[PDB]
Amino acid sequence: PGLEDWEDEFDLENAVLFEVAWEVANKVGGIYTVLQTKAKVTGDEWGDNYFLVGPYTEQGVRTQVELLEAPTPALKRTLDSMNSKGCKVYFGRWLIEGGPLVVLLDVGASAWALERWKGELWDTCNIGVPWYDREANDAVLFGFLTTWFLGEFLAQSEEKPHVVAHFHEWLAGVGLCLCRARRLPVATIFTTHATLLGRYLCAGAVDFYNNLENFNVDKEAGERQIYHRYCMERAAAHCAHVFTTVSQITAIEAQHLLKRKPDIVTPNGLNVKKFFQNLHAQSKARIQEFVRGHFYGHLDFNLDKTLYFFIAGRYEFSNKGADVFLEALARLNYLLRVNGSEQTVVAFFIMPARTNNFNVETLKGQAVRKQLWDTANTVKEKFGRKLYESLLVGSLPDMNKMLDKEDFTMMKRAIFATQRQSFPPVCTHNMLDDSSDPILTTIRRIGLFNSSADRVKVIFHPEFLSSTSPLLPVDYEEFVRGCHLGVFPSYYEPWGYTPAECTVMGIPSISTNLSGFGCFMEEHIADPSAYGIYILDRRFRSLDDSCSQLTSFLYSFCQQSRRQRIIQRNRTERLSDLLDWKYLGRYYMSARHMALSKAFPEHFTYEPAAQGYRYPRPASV
Amino acid sequence: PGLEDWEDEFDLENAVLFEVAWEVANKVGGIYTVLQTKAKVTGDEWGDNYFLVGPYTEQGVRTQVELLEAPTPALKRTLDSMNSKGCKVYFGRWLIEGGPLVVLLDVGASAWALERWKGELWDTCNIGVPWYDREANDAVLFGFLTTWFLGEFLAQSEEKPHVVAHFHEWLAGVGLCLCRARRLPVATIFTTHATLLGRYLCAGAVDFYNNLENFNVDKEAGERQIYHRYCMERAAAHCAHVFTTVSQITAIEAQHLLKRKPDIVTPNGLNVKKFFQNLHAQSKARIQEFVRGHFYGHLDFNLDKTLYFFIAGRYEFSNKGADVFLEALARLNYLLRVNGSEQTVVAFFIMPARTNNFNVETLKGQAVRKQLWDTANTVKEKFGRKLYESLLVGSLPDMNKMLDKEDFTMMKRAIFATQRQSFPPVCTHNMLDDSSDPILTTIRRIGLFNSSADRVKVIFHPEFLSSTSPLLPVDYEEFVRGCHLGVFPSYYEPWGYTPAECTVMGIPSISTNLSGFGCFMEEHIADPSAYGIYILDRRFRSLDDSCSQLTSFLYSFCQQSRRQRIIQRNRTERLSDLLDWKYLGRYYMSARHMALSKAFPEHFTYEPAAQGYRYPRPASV
Amino acid sequence: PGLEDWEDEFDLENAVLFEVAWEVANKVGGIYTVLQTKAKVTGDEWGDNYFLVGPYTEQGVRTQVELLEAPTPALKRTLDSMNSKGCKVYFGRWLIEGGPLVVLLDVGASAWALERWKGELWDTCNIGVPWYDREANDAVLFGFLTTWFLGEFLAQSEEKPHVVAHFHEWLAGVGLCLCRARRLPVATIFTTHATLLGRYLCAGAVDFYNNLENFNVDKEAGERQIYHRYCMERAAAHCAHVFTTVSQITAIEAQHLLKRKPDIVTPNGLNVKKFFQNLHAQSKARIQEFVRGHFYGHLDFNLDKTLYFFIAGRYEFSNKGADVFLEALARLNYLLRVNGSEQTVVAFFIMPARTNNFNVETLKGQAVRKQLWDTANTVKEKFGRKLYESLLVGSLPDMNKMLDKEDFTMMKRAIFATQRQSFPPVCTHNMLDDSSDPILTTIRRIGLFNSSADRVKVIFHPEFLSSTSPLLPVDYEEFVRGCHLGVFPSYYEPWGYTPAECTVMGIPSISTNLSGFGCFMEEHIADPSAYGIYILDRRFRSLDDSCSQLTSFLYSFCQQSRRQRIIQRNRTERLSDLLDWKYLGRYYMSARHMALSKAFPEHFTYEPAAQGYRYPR
């Protein structure tokens, strides 16, 4: 089912959508990609009545925004006015798939108003940003500039349209609060993509989710010198016609930290066109060549029985669950050894870290694999030419005479290059702090040294995968498509971008019910594991018990036949439509309709989601 | 040196060029390609003042001509007039590289005037076409239509421009004669691409060139029922301000048959951009695979010492010198056998003949080569995988164990497919008349049966080379580029299109001083054989002595080292600029200037060629 | 589950398997491929105690058999014996995936015995071959030669092994009957791959399957001058410890024509390794380019909504159900027109027929597509170079200036080549008899002229697909992988080789419950259509009603979303393991065990199939 026909009974009444985010036209997070990929559907629903309001940055305009003249006289008039009133407001087209119009506000250009604005802010919300907080002061400037733009756009518009302003973090929350305080006619959505407290409370506290009700949010933000940022976020959530979260776990966090249950959850959709079995085969061949190089001299395990697990994303050890994955990898190593399995699990940790360079053993192993591959290819081409020559003369090859002295010299050189005594390095790079690295510390603590006995090899690649890289000449998407199972046992993950992209790429993944993507899949798929989606229970299980469940998931994945693994990959391939904005734009549409009805009930009435996007038991299981 | 700067002192005075040929926009010979490829330079020199006058044909307009409206009022007015006066004149753009404008005259549409025109013709030139000659009557219609168009274009043109009409055979010669008879102001060129008598006199008479002075052209044309066509050609040559031939041999023939020495020779140029060592290597590999298939079971000669000679073009046995080439191939076979050379010469005869289908042995040999190639590739990929696996475990391959039972079964099947007792067929096809085929008759008479003792194998391919063909999936140009030596010992060849294209493709070729291309190269290259151009002397040597000289050429080519052959191919690659219209358009320009000066000496004065296009001894020989 | 572990409790007791078929080492049918692909598993179970007894042919030995010396002294002794007794017996290795040993018998070399042998036959089975039947007389020679070889191999073998002789047609049936008549210790399997009567009765009779009980087999064979061949087949089936059929439909035919229910059905397995979505995509791109050429000037339908149905195999119009497929294609054309669908169905008929050459319009359309493709590629490379040049100078392309006069000339030439008034030809070739062709006659009768209004285009390709072909440079397997749905509504099909290979290639197929493959899938898959296997009911429905059901199948396939079609293709991809000899060799193993137990109950006891090979869904 399409997006244009969703809530088609709703008439926007020539309303104008101002989507306000600090990340509009400047990549400072993952919300930039959310806005970029959602712009297509949003502009389809709103045409040119859709404006992304961002902060002006020289890089963003240089690279992403073509500066334009306002299409309508109202926009041009407001832009000229506030440009003459001491602000520096740019208008342009964001050079992305949607081609949306962007109002960019130079917050620095209008810093002169800061003291009169933040004081004004204190006169309306009792929120006073400390001077030393650059981001909070910039948020106040951006919010006051956005509210100025909205007021001067409604004032300088004869038709006086219905304005839906959709703010996306506490950085835009100030403008939201000012829209409500000035009382100008704006239907307001507030989407929080991550509760501000949530990050600190997960990182610091031993347990954060089960203690959500037992948190003094005011006090907790107070000890961390971010009380003003917390108050800005909570006022935006409070001063919003519609409050939205990207996830149901973020919805719980916002309920217990922003003291407002989201009126709707708007999961982060994706442009699935951007992203399976033959492509997976090529990527798996490339991973297999890398593993051949990395384990040169130690290729004593069957590679056709080798499984490629990966955990990727930002190098947040506990938030991304790399600790849980490593514990489960040690337990699965024990399981595969005691069960005497011929299965091998190479688990990749693609988590960027400060690295000096590629480890010498890693680069040497890649060189050794290249040499053996070239030697085998040269000897194979010589053998093929000689064999074709022999068969052309009706002669059966005499294999003893097929290879000459030069072939044996090349092959003996290759074999000499093969010998190694040291085990393959756990990490592919030179860590600036090997002792303090959580992944390497955990690996050396649990006993995963890529030994021959270890059925689980661990390859920590503390750097993003790039095609230009010498070690792995593969970008992240192709490597992932070559893997068997993404493992993202995240503890704190308001939305799982890495597991979501893994799923869109058709790779079975392990997420958690503590992650937004994991909750979204758990509530959209009847039997997620059937579809390649393992939802680890991290809310209601201890870290040790969650490690046990992850080991169970990894072991059951290892114990699948190749036929079962293929069936499961086909199902996860089917799952990609859930994560497309063509479905997840429904929730943004309904949030905007809800806000319009709340702010303008006389003009709009809202009639309350996953219809056509439910995945029951696969018919074939 | 470029063409725009040639005779740049000449000012055309807004003259208009009408190039008249029966082959304008209808491929009925090789002059079609001459006009097509010359149109680019002609339009560069004349812009839109250049018109190709052809006969209208439904196929030509359907495929090649976009019908247009006359760009100038004069053209539109004349077209409308003569379209209202009982003719059917189309105007359009010929969809070729030059994009020239074409005036197409439907000769059938104006056949009503035939009797009053041919009678009128008899009133001006005493030439009366017999009714039964379809081509001669069509030529009279086309000539009268062209002269009508020229008269009505000069009449319906206020400026009264200087019209250069360049007619290209006796088919346009009638219009030329009428232009001169009506005395309308037209500077006329007549190019003859082949004397009409020349064809019959070469085909019938035992010796034609040495008897040129001893020919009664009137009587000779009389016995052949083509006296009117001969008179049309001779009147066109006589009634032309400039008379032109494509070759100096054609110039001699025209002097002794049309009784006029050409005022200039205009060699057939070529669009050399359309067409060397790596491309030659790929084509030679493809020819080698074909020869492996064709000689399956008989591949007892060194293929790295095998030379690929070819003769191509129309299947005219004596005119193309296939008899001389076959005699020289028998003599070269004797030379290579008595000298005990390991050199092999596979001579290809690409001369289309009525063929039922591919010979069974030929298609079977190609299938056998495909099977052996696939078997060798499969066993080679298995060997390469096993060898890479063995070298990855630091193990040297045990060649006895490398190939399995299935590899040996596949290879034994291949070897079984290899066995054959019959020698490889001389012809690749099923000739409808094997007994009457001159090439096959000569091959069986001289003893070239593709036996093992024969150092010269002969492959007659009595059909054009096509990529779509199953036997050879190669077009003519790629096959030729894979060959070592084109052999075109033509007796009658007003221009050598096949040797010229062979040279442009950078292949050393044997032509004759009886061919236009051979004469052109002989007069443009100081040492033609140094440049890969062997000029057989067929004017002043008997057929037997010319066969001896061709055997000497073939043997000296065979006796070149690979280094000498490479040097010679580099030089023939250099020769391509002689055959480009960027040089050979000079002669057409000078012919048009000469005609303008002759017809309008008051307005134009002509100042009398190969400067910058003479090739002395290569600096390196 | 594997084949080595199937009935592993059974011990062969150093038994020797002689698999006797006229098609051993000489391709004279589809049983040749059955034996060739089954040889691997059979030799895995029997090692070198497995012999494929065939008729010697010069071509077969030249191409497929490496002549060898008998590995065992018993084999060498028997070979030398019967080579010295006026017969010519070759021993070798068949150069196939299994590398089995073949005892090839030159029946011509031993024709001297024919008259006495066929006398002996009449003295033992009352079967007398008429002199004029070359195949039946060769069958008698081959059977007597096989029984001679078996008797001399058991006699010239001190251990006296347990010999399992598995004969495969009525051509080997004579040898089977003689094995039983001489009473020599041979455990005999008879597999019939197609009842001899059934082939004649499917066509000649008004309707064959519903009249099986109402057939006088003796009389019916008599009218067709094949009574001796019928009696040979029926005696082989009768004189067999185990009787086997390749299908349950063949089992019914054998019950009602050979008067013996098969003791087991041994479906024709296949070497599935020899044969899905990216490969399908490439093949579908090739088919789409062919359709672009074929329908040049008439490409007014969405090709992303175009479905490629095909029917392939031997050009038996009624047996292969091409009539039913064409009727259903006309009905589906009506359905897609009245429903105003943008779906297009190009149905290919890959059924070889006597063709003079490629039709002029067809070759011209392929040339036009090649020219347009080359023109588009040339203009695209020029545009790409100019666009890269413009972007390298920081300049946005001026699209008006991007294409030059030469580009427009090339494109205008291409467009000129595009125009055509005649509709795309229904057939790609020049039929030697257009009026006599059943497919073309039916197409012109039902109104499928590849018109613009027709939502169903029909391309009859009356020739095998070859890569060497100029028209379609794709072999049969790649073309099929590019198709959406194989349609094999066969009436007579003892085993569906074409639908089976279709399924192994991961392409959904329509078969019938009158086909062996269709019955096999219907009894192995709970919901066959879910797996891309549509079983048309042709036993219990009239030809018109079967046409209606086929139209329903085709229409429901057309009405699947691309998601549903992908799911269905994934399931049919799963189905390939059912058709592998790794599973279907189980039935041959159990038939051989059953025959061993029947002939040697003292030495062997048989303990009775699809376990691990049933598909719930």
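The chains referred to below are lettered A, B, ... by the order of the sequence lines, with proteins before strands, and numbering in each begins at 1.
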Using non-hydrogen atoms only, which part of C/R413 is less than 4.5 Å away from chain B: side chain, backbone, both, or neither? both
How about NZ on B/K386, more than 12 heavy atoms from neighbouring residues, nucleotides or ligands closer than 6.0 Å, or not? no
Test ring-ring contact (aromatic ring centres under 6.0 Å, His included) applied to C/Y32 and C/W94, step by step: CA-CA 12 Å; C/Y32 172 97; C/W94 196 5; 5.3 Å; yes
Quick check for you: among C/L95, C/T409, C/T468, which has the greatest number of heavy-atom pairs under 4.5 Å with chain B? C/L95
Kindly indicate, with the supporting measurements, whether the criterion side chain to side chain contact (heavy atoms under 4.5 Å, CB included) is fulfilled by B/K88 and B/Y56. CA-CA 9 Å; B/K88 191 69 64 60; B/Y56 166 83; over 6 Å; no
What part of C/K412 is in contact with chain B, defined as an atom under 4.5 angstrom from a non-hydrogen atom: side chain, backbone, both or neither? both
If I compare all heavy atoms of C/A353 with all of C/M431, which pair ends up nearest, and what's the gap? CB-CE, 3.5 Å
Side chain, backbone, both or neither: which part of B/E406 has a heavy atom under 4.5 Å from chain C? side chain
Interface check, chain B: of C/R62, C/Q366, C/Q419, C/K370, most non-hydrogen pairs under 4.5 Å belong to C/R62
Chain B contact via C/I96 - side chain, backbone, both or neither, heavy atoms under 4.5 Å: both
Heavy-atom count check: over 12 atoms from other residues, nucleotides or ligands less than 6.0 Å from B/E381 CD? yes
Residue of the set C/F358, C/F479, C/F290 for which side chain to side chain contact (heavy atoms under 4.5 Å, CB included) holds with C/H461: C/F358
Which bit of C/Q64 comes within less than 4.5 Å of chain B, counting heavy atoms only: side chain, backbone, both or neither? both
